[PDB]
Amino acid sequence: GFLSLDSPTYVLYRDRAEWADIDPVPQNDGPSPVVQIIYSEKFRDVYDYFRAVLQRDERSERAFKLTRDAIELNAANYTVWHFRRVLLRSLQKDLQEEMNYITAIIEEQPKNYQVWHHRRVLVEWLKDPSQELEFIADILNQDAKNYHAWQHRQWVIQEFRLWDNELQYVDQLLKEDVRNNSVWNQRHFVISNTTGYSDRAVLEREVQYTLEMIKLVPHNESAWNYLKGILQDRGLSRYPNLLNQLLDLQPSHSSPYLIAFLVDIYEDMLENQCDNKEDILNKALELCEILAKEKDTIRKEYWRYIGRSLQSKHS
């Protein structure tokens, strides 16, 4: 008998006959309260009663239904969430109906931490990840960058080994928004946990793909950060053709990312005993000043640091 907290005929717990036996326990804020919240009558009513059943540790079906109300009033109340999981096991509640419940409330409050942790606990209990990828994809359809949704997705995939269709899901989302950095991150998560980037063909496929993305949207930082992130490993200087290929986009696709990337390739060449050190150093120092003074002034302190640092090292 779930009387919706939003029902036009919702009645305060203190006016409910099936609760008249229990005395509500008010909150102890002290004689001189600080950061005292002026609760609404409904809020105050449900919590004073939640306090009552919790203090007496009443593991009843009525207590179970009430935590639902306390959660809807403040879904961030982790103490209520704990007691709710306590009652889910005591009363031996159908955990699949509870999945239905958590599905609803996460759709409503997708950025709440408790709601996602609870769903995870349920999936563990049931050892059933069958609804997960689909449920998370629906949340990501509303906010493709929801951090908890991506975190839950990673946990389900690694935990239950559901790797097979993720790269495909990644390509789909990258098509929708090539600038969605969460997806660029997922791409790396899938690849490094499956084939790895040591496989030259994979690496080649990844660098090529990324380069095509930079050609399409030159000012998209994610693709630039991804290109750097996957090559930076073995060292950018380890890839001789790359400097050339980017030096070619110098007129066509020349954002301050390309410039910054060149200073990055130079920094690594200098560290890895490159030919023409005096020469390479000057170019990299030139770019640091162009960046600091003209192209990327917001980061002037950084680029100057880089220039200084490059000198002190490779003078």
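Position 1 is the first residue in the sequence shown; the rest follow in order.
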(message) If you take the mean CA temperature factor per stretch, which one wins between 296-304 and 15-23?
(response) 15-23
(message) Please compare 107-115 with 235-243 and name the stretch with the higher mean C-alpha B-factor in the deposited structure.
(response) 235-243
(request) In terms of CA temperature factor as recorded, identify the highest of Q158, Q186, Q168, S198. (result) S198
(request) Please pick out which of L281, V263, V35, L66 has the largest Cα B-factor as recorded in the entry. (result) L281
(message) Based on the deposited C-alpha B factors for this chain, I'd like to know if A70 is in the lowest, middle or highest third.
(response) lowest
(message) Using the temperature factors of the C-alpha atoms in this entry, rank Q151 within its chain: lowest, middle or highest third.
(response) lowest
(request) Relative to the other modelled residues of the same chain, rank the CA B-factor of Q92 and answer lowest, middle or highest third. (result) middle
(request) Just say lowest, middle or highest third for the CA B-factor of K215 relative to the other modelled residues in its chain. (result) highest
(message) Using the temperature factors of the C-alpha atoms in this entry, rank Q208 within its chain: lowest, middle or highest third.
(response) highest
